[PDB]
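Counting with PDB author numbering, you get residues 74 to 537, 571 to 653, 670 to 705, 726 to 784, 797 to 1011, 1031 to 1193 for the letters of the sequence shown. Quick reminder that beta carbons are idealized off the backbone N, C-alpha and C, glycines included. Remarks on the structure that follows.
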Amino acid sequence: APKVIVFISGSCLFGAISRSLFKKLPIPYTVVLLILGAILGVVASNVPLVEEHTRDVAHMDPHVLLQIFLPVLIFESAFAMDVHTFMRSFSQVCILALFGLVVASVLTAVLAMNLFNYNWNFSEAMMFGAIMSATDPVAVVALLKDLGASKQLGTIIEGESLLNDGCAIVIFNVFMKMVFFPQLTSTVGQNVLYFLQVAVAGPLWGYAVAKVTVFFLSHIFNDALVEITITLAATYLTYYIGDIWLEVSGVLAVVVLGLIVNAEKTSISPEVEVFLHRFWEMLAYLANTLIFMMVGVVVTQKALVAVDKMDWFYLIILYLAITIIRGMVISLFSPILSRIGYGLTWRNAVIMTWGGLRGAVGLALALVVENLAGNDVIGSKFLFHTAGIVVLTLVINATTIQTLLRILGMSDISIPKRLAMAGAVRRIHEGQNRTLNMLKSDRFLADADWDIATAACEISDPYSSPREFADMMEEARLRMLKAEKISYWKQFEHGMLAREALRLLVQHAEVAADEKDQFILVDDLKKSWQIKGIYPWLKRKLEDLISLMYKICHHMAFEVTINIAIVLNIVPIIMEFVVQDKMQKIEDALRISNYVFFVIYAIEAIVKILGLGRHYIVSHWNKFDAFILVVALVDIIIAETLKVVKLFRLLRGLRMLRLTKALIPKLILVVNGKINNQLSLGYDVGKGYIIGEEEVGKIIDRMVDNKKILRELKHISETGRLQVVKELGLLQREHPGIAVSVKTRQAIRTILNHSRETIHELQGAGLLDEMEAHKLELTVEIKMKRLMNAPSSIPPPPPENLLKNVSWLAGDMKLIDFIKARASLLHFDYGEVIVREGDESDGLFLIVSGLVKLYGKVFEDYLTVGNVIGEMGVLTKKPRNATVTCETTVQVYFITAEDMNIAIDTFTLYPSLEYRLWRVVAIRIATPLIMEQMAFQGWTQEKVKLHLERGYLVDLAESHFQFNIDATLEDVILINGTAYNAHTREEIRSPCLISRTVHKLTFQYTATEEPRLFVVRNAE
């Protein structure tokens, strides 16, 4: 019967009681956990039956304590952090945590040597400083996350805490091995090698196991428990193998592994993501509870038996000096911290000074000092001072950080947030009153008690002249910015934006609102999609790096065969190196003449592919293959003459060139993936700003009342939208394959999201049960996770594949053959004119490469690859509306008007080419009208487009050129021509939306009119 089970369960129950009883009180639950542990240790010192149950956990080994509790705490601190804002302010976090921890450890060591009466040397004092300077604030970061603004302050406190804890355990391990467990001597070179080993191979081993774990998690579908156990086993194996087998600081390895796993959360399924968040929070909570209970028991059993009044005096002075030292560290790093991103205000410096809550990490390190010291008093003094500092920091700093956050003015609720919460409470109260008025008129719920129902449903407020022209301009700018923020949140909620693009767009909107008269700036938004860096240069240089018998060897198999030769050469390289370093059957005849010249070098690379002259001349890879062959023949005649330098030259040269030639395209794929991530973020930010400008241009007529202010706001919005559109087109031009890959991924994601919504609508309507809909949801989730492992660079389709993928051409095959037979690829250079504004209609222009500019007269737009120009001019036989000028080198497919008229006249099935072309231009001409009608109703662009997609053009000859508008038709849009309405009360000249007062339509049949009508109905 293990007593540790009883102690662990009792600690869990004590922690649950402590959190359930001290939630309302401002003091933390860990302090009363320490108090309960002290009481339990007093009882164990009195009663031996309790001593038998507390002995196995109180007198635990230091090594198993570290190896069990440290990976959980370090990995949860790394996993809980928002890694985007952590990497955004990584410079400040890194310099503050690293250099402040170093100088705080030095100052605390000097204080421990000068103030304390014990004759401590520098090693034990530096151990004391490394234990004292490790900070674990969780209440402070929870308070900063909950109380409104300064989210950057919360994440800089969290990142500083994580790196401070990691490097503090590193410094503590260095000095613990300096003073306690060995006392060995070494040279300066071994010290340099040990510093290199720790500080470099910590994060390198963590990065290696993190990439292996990410590759393992990215290839697991429809299995959650495997992913959870892989995360847990990867954390524990990383820490154990790094700390024990590799003699490497495993704390930094778990820091790096947790930060990378938190960075690559898209390789984990979202249900597994939220389970992993809750699971690691639970594991760290259990670890903190066990550490604090164990610390209390051992403090009142062993660390309190040698304590005098001078120890308490030194504890008080140590607390005051620790707070002063941390404040002076932040104050002396304030110029350098202000000179880099986000700066540091004096209020944030005061919060970071006072938010240094000591935690379970320093308690565990003092525990292993106390257990490692043995019967010496240094461990008892260490654990007493650490327990006192933890208690004092927790109590005093928690209560005073609540009242200090109140006093400094960083906890005041903003006026727009308070007004939004008041509006939410008002709409909830209105909805509850309507629900109660519905419920009182029920049959079954008619004699229920309504006083109790109203008292239960009482959710309440948690927060309890040119000068006129300037004021109206400020009001209009503020209303426009609020509408832009609302539009960005609407885009994110509808499954269009990512989280990072949403955060960047609302950050730009807020910092535009804080200034005097500026709007959201395009130039500040350019840095999102500025893909320039070392990665385009790396991709360019690597694509410059790689650029009879031949027909035998082109079957992509002999390179795989020589890669098998690469690994089968690499293994005896290490074997011969190790055995000849440590120096049977003369190395078994030297691996039987290294596999008999390695099957005479795979029959001399199949006799240099039987002597391909040009291929072996023009390639340098074959040149150092020939260098390998002459070097290996030289080593063969060296073995005939028999040095080891020649053998090692053979091994080294073989392995290095073979691995370089293999690893070049994988490096190309990695660079393409990083460019893909940057391009996805930039495209999401740009597209979100564009559709936000479209929505804020739609809804601006209700808000803005003046005319000059509305004109200036429209001009500013149009200039910003045009600049972002041209920038995104040029960015697509710079990296074509990456842009095709990110557009393909976004298209697949949108299609699968709409399919998931269709499955939800099927299961909510009762036509599909829970099990079959869960099977279909599992199928679409497997497809989404395999979409996350897409190729990062899909090669761009040829112009024929773009010609067969047009919306009005895609279904048919004979029509595709006709268009491909009668198209014409025309090339244009920079600055030339494709068409002119006053010219007659001549044909369509499918853009297959490059960017154009439509200077319609004002009307400006930039079209890219995959846009057809001139459908309306071809169909309606009107003259051209816009002049198209090239912005880059543009290749277009020009189908002439005669060929398109012939193709329209021939193909007359039920989906006809005339019907498809008119439906495409009807969607294009009816989307802004429906957007104008339902602008204030909150309908987005994509919902309007998908609502319009269910519509269809009516055949007026089927209904004798008269159309009735019932309530069965959701919306009716006239596309071309004139019309008359109702009892011929007026004439409908416009292509605008039909008003709801029209009950009937009448069309005549004139020359050059051909009237069309696009109707959308509800679910019939």
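Exercise for the section: Could you tell me whether the Cβ atoms of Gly1004 and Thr1081 are closer together than 8 Å? Expected result: Looking up residue 1004 in the sequence shown gives position 850. Looking up residue 1081 in the sequence shown gives position 908. No, these two residues do not count as a Cβ contact at 8 Å.
Exercise for the section: Kindly indicate which residue of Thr1170, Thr286, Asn1054, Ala607 has the alpha-carbon position closest to the one of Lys1011. Expected result: What you label residue 1011 is simply residue 857 of the sequence shown in a count that begins at 1. With distances taken between Cα atoms, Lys1011 lies closest to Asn1054.
Practice task
Measure how close the beta-carbons of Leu478 and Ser484 come, nearest whole angstrom, since I'm counting them as under 8 Å.
Solution key: Your numbering for residue 478 matches position 405 in the sequence shown. Your numbering for residue 484 matches position 411 in the sequence shown. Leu478 to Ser484, Cβ: 5 Å. Contact.
Problem - Simplified DSSP assignment, three categories, for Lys1011 - result: Locating residue 1011 in the sequence shown gives position 857, counting from the first residue. Three-state result, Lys1011: coil.
Exercise for the section: Rounded to whole angstroms, what's the CA-CA distance from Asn764 to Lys815? Just pull it up for me. Expected result: As a working mapping, residue 764 is identified with position 622 in the sequence shown. As a working mapping, residue 815 is identified with position 661 in the sequence shown. Going from the Cα of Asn764 to the Cα of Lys815 covers about 11 Å.
Handout entry: Residue range of the unbroken beta strand (DSSP E) whose run includes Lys1173
Key = Taking the sequence shown and counting its residues from 1, the one referred to as residue 1173 is at position 1000. Per DSSP, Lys1173 belongs to the beta strand (DSSP E) from 1173 to 1175.
Exercise for the section: With DSSP as the reference, label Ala1152 as helix, strand or coil. Expected result: For the purposes of this step, residue 1152 is taken as the residue at position 979 of the sequence shown. Strand.
Practice task
Please confirm whether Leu1000 and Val1041 have their CB atoms less than 8 Å apart.
Solution key: Here residue 1000 refers to the residue found at position 846 of the sequence shown. Here residue 1041 refers to the residue found at position 868 of the sequence shown. Cβ atoms of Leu1000 and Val1041: closer than 8 Å.
Problem - Beta-carbon spacing of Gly842, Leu1036 below 8 Å - result: Working through the sequence shown from its first residue, we reach residue 842 at position 688. Working through the sequence shown from its first residue, we reach residue 1036 at position 863. Result no, Cβ atoms of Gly842 and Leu1036 do not sit closer than 8 Å.
Exercise for the section: Tell me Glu1033's beta-bridge partners as DSSP assigns them. Expected result: Against the sequence shown, residue 1033 aligns to sequence position 860. Answer is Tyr1009.
Handout entry: Alpha-carbon to alpha-carbon, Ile364 and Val371
Key = Locating residue 371 in the sequence shown gives position 298, counting from the first residue. Locating residue 364 in the sequence shown gives position 291, counting from the first residue. The straight-line gap from Cα to Cα measures roughly 11 Å.
Problem - Helix, strand or coil at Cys675 according to DSSP, with G and I counted as helix - result: Locating residue 675 in the sequence shown gives position 553, where the first residue counts as 1. If DSSP states are grouped into helix, strand and coil, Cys675 belongs with the helices.
Practice task
With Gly997 as the anchor, note down where its alpha helix (DSSP H) starts and where it stops.
Solution key: Residue mapping note: residue 997 aligns to position 843 of the sequence shown, counting from 1. No alpha helix (DSSP H) holds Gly997; the beta strand (DSSP E) holding it covers 997 to 1003.
Practice task
Consult DSSP for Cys167 and reduce its assignment to one of helix, strand or coil.
Solution key: Counting from one through the sequence shown, the residue named residue 167 turns up at place 94. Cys167: helix per DSSP, three-state reduction.
Handout entry: Beta-bridge partners of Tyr415, as assigned by DSSP
Key = For the purposes of this step, residue 415 is identified with residue 342 of the sequence shown, where counting begins at 1. Paired residue(s): none; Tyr415 is not in a bridge.
Handout entry: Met199, buried or exposed, once every other Cβ within 10 Å from all chains shown has been counted against 16
Key = Position 126 of the sequence shown holds residue 199. Looking at its Cβ environment, which holds 16 or more other Cβ atoms inside 10 Å, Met199 is buried.
Handout entry: Member of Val120, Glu915, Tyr837 whose CA lies at the smallest distance from the CA of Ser895
Key = Start at 1 with the first residue of the sequence shown, and residue 895 comes out as number 741. With distances taken between Cα atoms, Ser895 lies closest to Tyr837.
Practice task
Please classify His914: does DSSP put it in a helix, a strand, or coil?
Solution key: The residue given as residue 914 occupies position 760 in the sequence shown. Of the three classes helix, strand and coil, the one that applies to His914 here is helix, per DSSP.
Problem - Straight-line Cα distance separating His677 from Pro951 - result: The residue labelled residue 951 in the question sits at position 797 within the sequence shown. The residue labelled residue 677 in the question sits at position 555 within the sequence shown. Each residue's Cα considered, the two are about 25 Å apart.
Problem - Rounded separation between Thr373 and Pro101 - CA only - result: Taking the first residue of the sequence shown as position 1, residue 373 is located at position 300. Taking the first residue of the sequence shown as position 1, residue 101 is located at position 28. Those two C-alpha atoms are separated by around 20 Å.
Problem - CA-to-CA distance, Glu344 to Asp923, given in whole angstroms - result: Residue 923 sits at position 769 when you count from the first residue of the sequence shown. Residue 344 sits at position 271 when you count from the first residue of the sequence shown. So the alpha carbons of these two residues sit roughly 21 Å apart.
Problem - Beta-bridge pairing of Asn295 - partner residues as DSSP gives them - result: Working through the sequence shown from its first residue, we reach residue 295 at position 222. DSSP, once it has assigned bridges, lists no residue as partnering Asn295.
Problem - Buried or exposed by the 16-neighbour rule on C-beta atoms within 10 Å, applied to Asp219 - result: By 1-based counting over the sequence shown, the position of residue 219 is 146. With fewer than 16 Cβ atoms within 10 Å of its Cβ, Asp219 is classed as exposed.
Handout entry: Nearest-angstrom Cα separation, counted from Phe739 out to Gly807
Key = Against the sequence shown, residue 807 aligns to sequence position 653. Against the sequence shown, residue 739 aligns to sequence position 597. For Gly807 and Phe739, the distance between alpha carbons rounds to 15 Å.
Exercise for the section: Taking only the alpha-carbon atoms, compute the straight-line gap between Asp522 and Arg500 and give it to the nearest angstrom. Expected result: Taking the first residue of the sequence shown as 1, we reach residue 522 at position 449. Taking the first residue of the sequence shown as 1, we reach residue 500 at position 427. Looking at the two C-alpha atoms, the distance is approximately 24 Å.
Problem - As assigned by DSSP and simplified to three states, the class of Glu698 - result: To locate residue 698, count along the sequence shown from 1; it is residue 576. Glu698: helix per DSSP, three-state reduction.
Problem - Cα-Cα separation, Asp296 to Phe189 - result: As a position in the sequence shown, residue 296 is number 223, starting the count at 1. As a position in the sequence shown, residue 189 is number 116, starting the count at 1. In a straight line, the C-alpha of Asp296 is about 57 Å away from that of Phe189.
Exercise for the section: Mind checking which residues open and close the alpha helix (DSSP H) that includes residue 794? Expected result: Not modelled: residue 794, which lies between 784 and 797, the two residues flanking a gap in the chain.
Exercise for the section: Could you please give the first and the last residue of the uninterrupted alpha helix (DSSP H) stretch that includes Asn246? Expected result: Reading the sequence shown from its first residue, position 173 is the one you call residue 246. First-last of the alpha helix (DSSP H) with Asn246: 224 to 252.
Exercise for the section: State the beta-bridge partners of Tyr1125 as determined by DSSP. Expected result: The count along the sequence shown starts at 1 and reaches residue 1125 at position 952. The partner list for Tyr1125 (beta bridge, DSSP) reads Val1188.
Handout entry: Residues near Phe1109 by beta carbon distance below 7 Å, same chain, minus five either side
Key = For the purposes of this step, residue 1109 is taken as residue 936 along the sequence shown, with counting starting at 1. The answer, listed in chain order, is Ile853, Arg856.
Problem - Nearest-angstrom Cα separation, counted from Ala526 out to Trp427 - result: Walking along the sequence shown from the start, residue 427 turns up at place 354. Walking along the sequence shown from the start, residue 526 turns up at place 453. Cα to Cα, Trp427 sits roughly 45 Å from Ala526.
Exercise for the section: Can you give me the Cβ contacts of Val271 inside the same chain, cut-off strictly under 6 Å, excluding the 5 residues immediately before and after it? Expected result: Position 198 of the sequence shown, counting from 1, holds the residue named residue 271. Once the five neighbours on either side are set aside, the close Cβ partners of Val271 are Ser322.
Problem - In chain order, each beta strand (DSSP E) run of at least 3 residues that lies wholly inside the region 402 to 450 - result: none
Handout entry: CA-to-CA distance, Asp1078 to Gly1043, given in whole angstroms
Key = Here residue 1043 is taken as the residue at index 870 of the sequence shown, counted from 1. Here residue 1078 is taken as the residue at index 905 of the sequence shown, counted from 1. Cα-Cα distance, rounded: 18 Å.
Exercise for the section: Determine the contact status of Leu980 and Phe1067, defining contact as a CB-CB distance below 8 Å. Expected result: Indexing the sequence shown from 1 puts residue 980 at position 826. Indexing the sequence shown from 1 puts residue 1067 at position 894. Against a cut-off of 8 Å, the Cβ pair of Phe1067 and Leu980 comes out as a contact.
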